[PDB]
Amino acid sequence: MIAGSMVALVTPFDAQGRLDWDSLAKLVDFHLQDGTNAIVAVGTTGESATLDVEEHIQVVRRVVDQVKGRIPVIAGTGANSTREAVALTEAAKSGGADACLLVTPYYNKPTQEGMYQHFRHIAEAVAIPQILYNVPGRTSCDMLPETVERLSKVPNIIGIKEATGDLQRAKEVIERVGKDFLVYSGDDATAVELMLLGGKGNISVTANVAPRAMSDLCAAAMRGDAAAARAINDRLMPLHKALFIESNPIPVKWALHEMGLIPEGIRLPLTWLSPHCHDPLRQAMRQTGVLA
């Protein structure tokens, strides 16, 4: 099943721009060990935008391969076109993915009715669980709760990743959708309370540098042990803010390279963490016990 701490995995690049399979294998091993519950391969954090179509499947497959099915693999396959949305998804299903994360259409701002027709079609063309992703902070698009209720009732759409960071939003949604539709967190800062409200997981960025603490945090929350959930979330707060000191995944990539897990390497337009933000971030990793 799909729940708990899910890492939105970064996809490493060597200095000249290619994919480092060694590293990806290290990361998978790393999360596989320290307690991660799932892996969101090739997502926003995965730097999908700048990926090739071939590089896309070559990865989804490699992770599934290395997971031995010990853990579920969620693949990003959302496009702002209905057509490539269906295509990318057909791919993830072949590569061996267990479910897909699809972003609401960016740049072209649908109608709510358009969003509904968009996702519905994609759900009737590829038999595989689908997880809706809402983030107007990037798509210049907000999928309202009515449009969410309406889609939650479609055959193989099993949940939603909510990034707005607005708790009242994720509370109107839990209310409007059924008992087995799953609402996940997008915002790492507020994930804990979203779970305490009835959430079922966090599609985390911080989990990249601190997977084990995130597993713990999700356990405490989904049990209703708010006392503990918040204790950990506080000792991570420094991290949650530092990793967005510059657009994701520019910061988290850097931290990962600092721990010796991934090489310096990120594709244009994204750039490498500005010197500006080195001390501020490095200190956080120290405050956090990921680096001394």
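Residue indices: 1-based, along the sequence shown.
K.L.:
Would you tell me which stretch averages the higher CA B-factor in the PDB entry, 198-206 or 216-224?
P.N.:
It is 216-224.
K.L.:
Would you mind comparing 251-259 and 50-58 for me and telling me which has the higher average C-alpha temperature factor in the entry?
P.N.:
Of 50-58 and 251-259, the stretch with the higher C-alpha B-factor average is 50-58.
K.L.:
Using the temperature factors in the entry, find which of 87, 132, 173, 74 has the highest value at its Cα atom.
P.N.:
Most elevated C-alpha B-factor of the set, per the entry: 173.
K.L.:
Could you check 40, 64, 28, 243 and tell me which one carries the biggest Cα B-factor in the deposited entry?
P.N.:
The record points to 64.
K.L.:
Thinking about Cα B factors across the chain, which third does residue 140 belong to?
P.N.:
Its C-alpha B-factor, which the entry lists for residue 140, ranks in the highest third among residues of this chain.
K.L.:
Lowest, middle or highest third: where is residue 187 by Cα B-factor in its chain?
P.N.:
Middle third - that is where residue 187 ends up once the chain's C-alpha B-factors are sorted.
K.L.:
Ranking the modelled residues of this chain by C-alpha B-factor as given in the entry, is residue 181 in the lowest, middle or highest third?
P.N.:
As the PDB entry reports it, the C-alpha B-factor of residue 181 lands in the highest third of its chain.
K.L.:
Quick check on the deposited entry: does the C-alpha B-factor of residue 167 sit in the lowest, middle or highest third of its chain?
P.N.:
It falls in the top third of the chain.
K.L.:
Taking the entry's C-alpha B-factors for this chain, is residue 33 in the lowest, middle or highest third?
P.N.:
As the PDB entry reports it, the C-alpha B-factor of residue 33 lands in the middle third of its chain.
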